[PDB]
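J.: Would you mind keeping the following structure in view while I ask a few things?
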Amino acid sequence: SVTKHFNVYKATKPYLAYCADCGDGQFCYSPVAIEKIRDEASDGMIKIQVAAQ
Amino acid sequence: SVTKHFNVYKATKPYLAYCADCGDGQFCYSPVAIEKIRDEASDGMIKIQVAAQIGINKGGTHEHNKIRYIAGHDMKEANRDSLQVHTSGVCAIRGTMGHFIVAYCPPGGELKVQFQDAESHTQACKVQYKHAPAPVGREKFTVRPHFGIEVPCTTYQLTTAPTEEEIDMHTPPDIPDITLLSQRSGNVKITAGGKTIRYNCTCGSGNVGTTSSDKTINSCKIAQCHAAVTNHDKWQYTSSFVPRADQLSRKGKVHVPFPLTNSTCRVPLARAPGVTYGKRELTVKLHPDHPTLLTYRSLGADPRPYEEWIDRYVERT
Amino acid sequence: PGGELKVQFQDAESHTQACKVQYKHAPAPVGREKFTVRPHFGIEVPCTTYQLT
Amino acid sequence: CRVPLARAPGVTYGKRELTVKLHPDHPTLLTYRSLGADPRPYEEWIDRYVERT
Amino acid sequence: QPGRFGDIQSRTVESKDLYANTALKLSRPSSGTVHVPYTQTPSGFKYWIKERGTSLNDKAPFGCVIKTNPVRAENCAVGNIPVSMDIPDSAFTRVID
Amino acid sequence: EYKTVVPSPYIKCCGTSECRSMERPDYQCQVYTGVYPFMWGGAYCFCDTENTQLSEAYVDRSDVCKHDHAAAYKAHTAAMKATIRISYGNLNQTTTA
Ligand SMILES: *[C@@H]1O[C@H](CO)[C@@H](O)[C@H](O)[C@H]1NC(C)=O
Ligand SMILES: *[C@@H]1O[C@H](CO)[C@@H](O)[C@H](O)[C@H]1NC(C)=O
Ligand SMILES: *[C@@H]1O[C@H](CO)[C@@H](O)[C@H](O)[C@H]1NC(C)=O
C-alpha cells in the first residue's frame, strides 16, 4: 500500500524531443527536455517537468 | 589518409614553464601553462594556447580518451575527460585537438584550466583575462532561441586542415639538473640515464662537456659543479618563458587548426510592442525579456535620433 | 568573494551532509590597484598573512 | 606581497594645462595635488578608458 | 595617436610598410626568474568596435536605408526629377474615336 | 588588430654586450646586464652578476586581418540609380536608368 499509487505509472516510454542548447552542439536531441516551469511557492521553490521520469 | 597529416607532431616534449598563480599555492612550475589568447569570433568563441598537446599516443593519432602531460625530463600519462576549464561559470569545451582549446564560455573576470594528472593531484594554475562578449543583434541572450531569425556570425568550425599563419619551432635549450651530483665518499660522480650532460667547472682540469659517459671528477665538491643536460632530439615551441641560442632559429611549421569562417547564427525575436496612438503623439508599452535596443528617427529633414537600452517595463512617449 | 560560506565532505557511506553560514567576505585589496590574480611581473609592497606550520 | 603595476598614462601636455589619457585594465585610483599653499586634493576610481584635463 | 583609432594605418592587404605607433616599452626583468616585461596599450580597434553605436543607417537625414555591397543608399526622397519623353504617332488613335 | 611578436629571451653567460638593429618595424634595442635567471633545475651556469639578457619584440598584423579588417574611404561625386515603371494603353514595362 506504500507503493500502490505508483501503479498509475504503467504509462511508460518517455519521449525524446528537441531542446535549445545541448552543450556540445547548437541543435541536439536529448531525453531531457525542459517543459514549462512551475513556480508558485514562496521559498524559492522551483519545479521542473522533464520527459524522463 | 585521415591520420597522415599528424606527422608534423613528431615534435614532442613541450615545456613546463612559469605561470603566475598556482591556485592553492603562490608560485609553481606546472605542465599546463596559459599563453596568448585569441578572441575575434563574433559568437563568444575563445582560443586558448596550452603547451601540453592533446591526442598523443607517442605518435600521430586522433582520439578522445588520452592525454600525456610532461613533468620533469620524461613523459607521463593522464585522461582527457578529467580536463576542465572554467571561469566564474562553467567553461564548456566543444572539441579540441593539438595545443589549442576552444569553448562556449560564460562571461567572467578570470580564466582557469585544470586536469587530473596520473595520481592523486589536481595541479593547475589560473590566468587573468577579461571575457565580455558583444552578442550580434539588438537582443542580448545566453541560450539559442526556440523561435528566431538568422543573422550570420563568424566562428571556428571543427576541422584539421592546413592554414596560412604559423607558430615557431626551435631546438630546446639545455635544462639543468642538480640530482645528478650524488657524492658518496667525498667524490663527485655523474649518474646515467639522462646522458650527454654538459659539464663546466673551476674545480680543475677536465672541463670538456662529457657526452653520454659516466665520467667522475675526483676530490671535488658539489658547490663547484653546475652541470646541465641536453638532448638535441626533438624540437619544441618557442615561448617567452625559456631561453634560446642565437641562430636562424630554424622556424618549424605546425599549422594552427580551427580557422575562422562565416556561419548562420540564430537570434531571438522580441515580443510585439503595445501601441496606443493619440493625436500627433505616440505611446508605446514595452515588455522586454532582456536588455534590448530601441531607436527611432524622423523621416523629415531633421532626424533627431534617439537610442536607449531597455531592460524593464516602462511607458514610452 | 561571496555572500555565504559552506564546507562539506563525503562521510563513510554515500552522504555529503553540510551546513552554511552568513558571511559577507569582501576582501579589501592591498595596494592602489584591484585584481584577482598575482601579477605576471610586479612589485612588492609589504603586507601580512598567516603562517604555514 | 606582490601588487600589479598599471601601464604608463598617456600624457599630452598643453599650455598651463595637462591632458592625460587613461587605459585601465582594472579599477585603479588616480590622485593629484598642487605644491602651492592650497593643495586642492582629488581622488576618483577608474574602471574604463577616460581622458582627464 | 596610440590607441584612438587606426593605431595601425597599414595600406591595402598586400602588407607593405605596416606603420604602427603602439608605443612599446621594455623593462628590466626581476631577479626571481626569467621575464620579458613590456608595456603595451590595448588595441584601439577593439575599443572602437566595443563603443561603435548609432550607425549611419539610423542617422540618414531623410530615412535613407543604406546598403554596403557597392556602398549604396536606397529608398530615400529628396528633390524632384525631370523627364522628357518622345512618343511615336502610332501609339494612339485619331480623334475619330 | 596587432600581434606582439616577441621571440624567446636571449641569455648569454659571458657578460659581453651584443647590440643590433634590423629594419623591421619598431625594434626596441634593449640589453640588460647583471641578471641571474632561475629555472626548474635550480639554476644554470655559475657566474653571477655577469650575464647578458637580450630581449626584443615588434608588432605585425593578425591572422584574421583578411576578414576582421575595417576600411576607410573618401566621398566624391555620386551617381544615382533609378528603376522606373512606365505604363500606358495596353503597355506596362519596367526599366533601369
Ligand atoms: C664555462 O665555460 C666557459 C666557456 O667555455 C668558460 O669561459 C668558463 O671558464 C667555464 N667556467 C669555468 C668555471 O671554468
Ligand atoms: C565571409 O563572408 C565575407 C563576406 O561575404 C567574405 O568576404 C569572406 O571571405 C567570408 N569568409 C569565409 C571564411 O567564408
Ligand atoms: C504591370 O504589371 C505588373 C506585373 O506584376 C502588375 O503587378 C501591375 O499591376 C501592372 N500595372 C498596372 C498599372 O496594372
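Positions of Cβ are generated from backbone atoms using ideal geometry, with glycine treated the same way; all protein chains shown enter the neighbour counts. Computed from the coordinates by the stated procedures, all read-outs in this text should not be read as laboratory data.
J.: Starting from the Kirkwood Rh over alpha-carbon pairs, what translational D in µm² s⁻¹ does region B:140-277 have by Stokes-Einstein at 4 °C and 1.567 mPa s? The partial results should precede the final answer.
T.: Details: Rh = 21.1 Å.
Estimated diffusion coefficient is 61 µm²/s.
J.: Follow-up question, since we're still on this one. What does the convex hull of the Cα atoms of region B:163-228 come to per residue, in Å³, rounded to a whole number?
T.: On the way: hull volume 7.6 nm³, N = 66.
Per-residue hull volume (Cα only) is 116 Å³.
J.: Can you pull out the GluC sites (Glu not before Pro) in chain C that DSSP calls coil and that have at most 10 other Cβ atoms within 10 Å?
T.: C:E13
J.: So if the hydrodynamic radius of chain F is defined as the Kirkwood radius over C-alpha pairs, what does Stokes-Einstein give as its diffusion coefficient at 25 °C and 0.890 mPa s, in µm² per second?
T.: Calculated translational D: 122 µm²/s.
J.: Considering the Cα trace of chain B, what is its radius of gyration and what is Dmax, both in angstroms?
T.: Taking only Cα atoms of chain B, I get Rg and Dmax of 28.5, 107 Å.
J.: Between Rg and the Kirkwood Rh of region B:1-105, both from Cα atoms, what is the Rg to Rh ratio?
T.: Numbers: Rg = 14.5 Å, Rh = 15.1 Å.
For region B:1-105, the value is 0.96.
J.: Moving on. How big is chain E in terms of Cα radius of gyration and Dmax, in angstroms?
T.: 29.6, 110
J.: So, one more: Tell me the chymotrypsin sites (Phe, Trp or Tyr not before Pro) within region E:14-65 that lie in a loop according to DSSP and have at most 15 other beta-carbon atoms within 10 Å.
T.: Values: sites: E:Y19, E:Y38, E:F45, E:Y47, E:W48, E:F62; in loops: E:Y19, E:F62.
Listed in order of number, the matching sites are E:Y19, E:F62.
J.: For the protein assembly as shown, compute Rg over Rh where Rg is the Cα radius of gyration and Rh is the Kirkwood radius from the inverse mean 1/r over Cα pairs.
T.: 1.05
J.: Is it possible to state the helix-based mean residue ellipticity at 222 nm for the protein assembly as shown, with each DSSP H run of 4+ residues giving -39500 (n - 2.57), the sum divided by total residues, to the nearest 500 deg cm²/dmol? What is it?
T.: Calculated at 222 nm, the ellipticity per residue is -500 deg cm²/dmol.
J.: Counting only chymotrypsin sites (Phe, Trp or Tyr not before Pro) that are in a DSSP loop and have at most 10 other C-beta atoms within 10 Å, tell me the longest site-free stretch of chain B.
T.: My reading of the result: B:1-146 is the longest stretch.
J.: Check B:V136: other-chain or 5+ apart residues with amide H under 5 Å from its amide H, H built from backbone geometry?
T.: none
J.: Would you mind listing how long region B:84-197 runs along its three principal axes, going by Cα atoms, in whole Å with the largest first?
T.: The Cα atoms of region B:84-197 stretch 80, 35, 23 Å along their principal axes.
J.: Using DSSP to define loop residues, name the GluC sites (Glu not before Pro) in region B:89-177 whose beta-carbon has at most 11 other beta-carbon atoms within 10 Å.
T.: On the way: sites: B:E110, B:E119, B:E139, B:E150, B:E164, B:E165, B:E166; in loops: B:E110, B:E119, B:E164, B:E165.
Here the GluC sites (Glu not before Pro) that fit, given the DSSP loop and packing criteria, are B:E119, B:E164.
J.: Using only the alpha-carbon atoms of chain D as identical scatterers, what base-10 log of I(q)/I(0) does the Debye formula give at q = 0.24, 0.26 Å⁻¹?
T.: Log-scaled intensity ratios, in q order: -1.07, -1.15.
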